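Heads up, the chain below is alone and in the form solved without this ligand; it's given as structure tokens.
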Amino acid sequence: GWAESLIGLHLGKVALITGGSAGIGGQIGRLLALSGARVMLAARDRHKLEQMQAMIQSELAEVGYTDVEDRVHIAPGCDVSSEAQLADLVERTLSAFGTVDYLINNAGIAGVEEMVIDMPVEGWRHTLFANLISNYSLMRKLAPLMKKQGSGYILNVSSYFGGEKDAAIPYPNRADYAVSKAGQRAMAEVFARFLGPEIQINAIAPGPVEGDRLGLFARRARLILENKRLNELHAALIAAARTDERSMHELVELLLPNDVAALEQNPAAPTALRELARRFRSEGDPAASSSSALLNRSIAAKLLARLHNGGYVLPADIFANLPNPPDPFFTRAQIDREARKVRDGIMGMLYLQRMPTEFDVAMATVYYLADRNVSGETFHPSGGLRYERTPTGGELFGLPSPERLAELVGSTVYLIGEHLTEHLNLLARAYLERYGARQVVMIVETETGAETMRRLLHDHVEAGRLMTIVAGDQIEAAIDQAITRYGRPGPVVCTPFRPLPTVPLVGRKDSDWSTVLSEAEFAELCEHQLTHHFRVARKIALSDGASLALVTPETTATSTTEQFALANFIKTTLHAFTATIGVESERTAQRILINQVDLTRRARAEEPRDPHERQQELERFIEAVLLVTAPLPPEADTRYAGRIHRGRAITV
């Protein structure tokens, strides 16, 4: 009865739905089948997938379809993070049904669920493989057949937290997930012109749905409280260490009695730690041992990891004798209070004051799939949400205040890059010659890049003002070398080592697509243009850098059209990272200012066309980098100014 609108809507279509055993994906597969499509449901777990297949087949028979076993197939054991398994899934689907009409890129994992500074690099990479690279990989395998037959549809199941065309949505503690969701949207935005007219590509971006948060909530609330304690201790130690003569080792030794009141009362402890202990005693529940003990062994291990990953020298056994605080570390009251805060916060987003169901979101999506006139769009099948957003793409700016520029005198600057040699030369010379920096550490990828920069900067090399380090694929170890030999950085500028590739993004209708950007090449693009910046941001924040500008690839008036597309894919996707880590840093009292400077524009017509305009552009680049990297003087770092100067992106 409720399905009469659906029956026939997609008759004759073949759909592949990843993550099709449950959630939105299972409902999309169910409703597509009811609408008349033959569906392949892919998932990890065989049992749930068999149950979903049986449910759908039974419903099809109830409404009158025959031979229902021919209309719903399953592909169990399918881990979309594995390229080999994606190849197997496509072969299985084409063997069952022939050419796929609709690719529903629905599979997604939650990811690492940590702040960037607690996020293992391999965990970030895994999230990108599962949630983003898999979407390109399946498109790359199925679009040739779609184009050959003259029609197809790619739908990437993104999220409200993937942002929108000209604004990022910060998702603290979920930067890997947010980047993956933004990339799914950006893929549709930039590939639409290449895939048209035969193939539509769009994203859906539902907000919260009933069930997407899957005792467990009490456990997550406790982790929230444990990570707040970690953040407060870490920020106080980092702050104390930069203005105290004692080493980080000696500062951590002040925590070893694990006694809040004793630390507060210790007249020789740094003010930052004494004030923190006072807050723990005041803001803490008297029945919670966290009000009288500084940490537990779990927090201590995670804190030690942060310190080691920031290059601070401490024995691995420093916390081996830490007194264990008695249970409960946080009270049930504190934990339930935090859990209600999380829940009420989500429900408070909803203008309509009602949580959408997976079924309703899937229904809206199945209707939307009938629309043949949309491509490159993000459809919100549920929406109406109060949430913070960070507009991107401001182009009108000037230099920072003289007060901020004065903070650069005597500073240690790190510049990271290789292919943008002109930009790196101009930046090093600006910091050293105009703004009185003490030294620039130039961190390149290869010996050839190092020699190129040493020759361009020969005068500063000879004077001891320009040091070079060759990082290869070990940027964190290279930063550690810089810390040990030249000192911790103030301002840092991170440019990509590699240029963008110049291969086709789609193939001709009758071709084998052999020259089109491969699945491995797309993964390499993400490594060099997204993971590069994440690794630097993670390491620099852990190492107490004062500021960090993340710089995207350069487009010019002569860049190929494919370079424009990939550059804008990267620009939009990186905005999600910048906005998220900016808010993470702000909310955890980290002083680092992280922002993005875009050398990519949306349209060739905006680019400089003669040497004068090119000189104007390069001057704008220097001004933009100074605007985001000049530290805030003490008389200026208010809550108000702090929000302004983090998480933003400006376009040169």
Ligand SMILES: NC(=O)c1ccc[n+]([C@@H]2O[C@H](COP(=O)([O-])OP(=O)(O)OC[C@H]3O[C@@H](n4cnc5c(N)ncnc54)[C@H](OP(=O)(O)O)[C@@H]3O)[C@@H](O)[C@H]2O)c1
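Residue numbers here begin at 1 and follow the sequence given. The term rigid core refers to the most C-alpha atoms you can superpose between the two forms while keeping them within 1.5 Å.
One more form of this protein should be noted, the form solved in complex with this ligand, which is absent from this view; the next part is about it.
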Using a 4.5 angstroms cut-off on non-hydrogen atoms, would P172 count as touching this ligand in the deposited complex? no
**Request:** Indicate whether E527 is a 4.5 Å heavy atom neighbour of this ligand in the deposited complex.
**Result:** no
Query raised in the report: Are any of the heavy atoms in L214 no more than 4.5 Å from a heavy atom of this ligand in the deposited complex?
Result: yes
**Report entry** Touches this ligand in the deposited complex: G417 (any heavy atom, 4.5 Å)
**Finding:** no
Which of 496 to 504, 250 to 258, 71 to 79, 441 to 449 lies within 4.5 Å of this ligand in the deposited complex, heavy atoms considered? The stretch 71 to 79
If we test each of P270, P208, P328, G393 for a heavy atom within 4.5 Å of this ligand in the deposited complex, the one that passes is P208
The listed residue (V14, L632, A22, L9) that reaches within 4.5 Å of this ligand in the deposited complex by any heavy atom is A22
For this ligand, considered in the deposited complex: do all three of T412, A541 and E586 come within 4.5 Å of it, counting heavy atoms only? no
In sequence order, the residues of 164 to 183 that place a heavy atom within 4.5 Å of this ligand in the deposited complex are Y177, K181
Of the residues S382, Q481, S289, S81, superposed on the core between this form and the one not shown, only the C-alpha of one moves by 2 Å or more, and that residue is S289
After core superposition, I'd like to know whether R278 moves between this form and the one not shown (criterion: C-alpha shift of 2 angstroms or more). yes
Original post:
Does the C-alpha of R332 move 2 Å or more between this form and the one not shown once the rigid core is lined up?
Top reply: yes
Q.
Following rigid core alignment, is the displacement of the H532 C-alpha between this form and the one not shown equal to or greater than 2 angstroms?
A. no
Evidently the Cα separation of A241 and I443 changes by 3 Å or more in the deposited complex, so the atoms lie farther
